[PDB]
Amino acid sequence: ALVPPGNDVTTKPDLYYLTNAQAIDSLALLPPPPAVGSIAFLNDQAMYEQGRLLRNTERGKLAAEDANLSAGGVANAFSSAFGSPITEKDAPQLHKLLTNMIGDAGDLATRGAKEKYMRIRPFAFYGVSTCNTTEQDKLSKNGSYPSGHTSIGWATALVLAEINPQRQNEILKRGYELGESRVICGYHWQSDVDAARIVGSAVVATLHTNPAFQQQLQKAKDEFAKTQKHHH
């Protein structure tokens, strides 16, 4: 399947490295989302309910904070796991790298499947708010599958793990948990998040073929090497 019309490197070069033609064929790659009446969807509902009961815990507080993140806030959200600030102030080359792949992982890697299924999101299915909003706030009710935010989270984790392998496990756990936070908060079904990690991993392979990404990745690594020297 061809990717549906949309933005890419030719329209937003600061948010995408890749063209529409280079997008992961998410529609062809991913299975369909669980249908109502499937055991798989019943499990999605179980994870929704589990998540809902976690909202009033420390993990729930983290989930609400994670759910407040825009696509652009994902990079900085890895700071503690990464071991140093991922900010425009402290790590401009790294922050530029991660910001510039937001569109590739969040949009291009998800668009085909997103637009085909236009899956209803949990909060909308139940007719309630999410963990970090009331009904005075407005969120898109559909396009749940796969999760763009989660795809960005996982893709970002994989790139960050390559830059700082000494904390790869902390980084990967953090990337994983960004996805789970969206399940806890009612933004996405578990299956949206599961599917997102597939396409999120796929787009990172594509990005490794892209000269601009390769260059910027090296700059981020060079920058990190200096950050390490000054810390030690």
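From 1 onward, residues are counted along the sequence shown.
Asks: State which stretch shows the higher mean Cα B factor in the entry: 134-142 or 69-77.
Replies: Mean B over CA atoms: larger for 134-142.
Asks: Is the mean CA B factor in the deposited entry higher across 223-231 or across 3-11?
Replies: Looking at the recorded C-alpha B-factors, 223-231 comes out higher on average.
Asks: Using the entry's values, work out which of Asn56, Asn43, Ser191, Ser181 has the largest Cα B factor.
Replies: Among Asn56, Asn43, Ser191, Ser181, the highest C-alpha B-factor in the entry belongs to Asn56.
Asks: Which listed residue, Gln166, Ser201, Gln50, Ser38, has the largest C-alpha temperature factor in the record?
Replies: Comparing C-alpha B-factors across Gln166, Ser201, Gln50, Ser38, the maximum falls on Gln166.
Asks: Ranking the modelled residues of this chain by C-alpha B-factor as given in the entry, is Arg174 in the lowest, middle or highest third?
Replies: It falls in the middle third of the chain.
Asks: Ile102: which third of its chain by C-alpha temperature factor?
Replies: Answer is middle: the recorded C-alpha B-factor places it there.
Asks: Hey, what third does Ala91 fall into on Cα B-factor, ranked over its chain?
Replies: As the PDB entry reports it, the C-alpha B-factor of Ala91 lands in the highest third of its chain.
Asks: Please rank the C-alpha B-factors of the chain's modelled residues and tell me whether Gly83 sits in the lowest, middle or highest third.
Replies: Highest third.
Asks: Within this chain, which third does the Cα B-factor at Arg121 fall in: lowest, middle or highest?
Replies: For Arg121, whose C-alpha B-factor we compare with every modelled residue in the chain, the answer is the lowest third.
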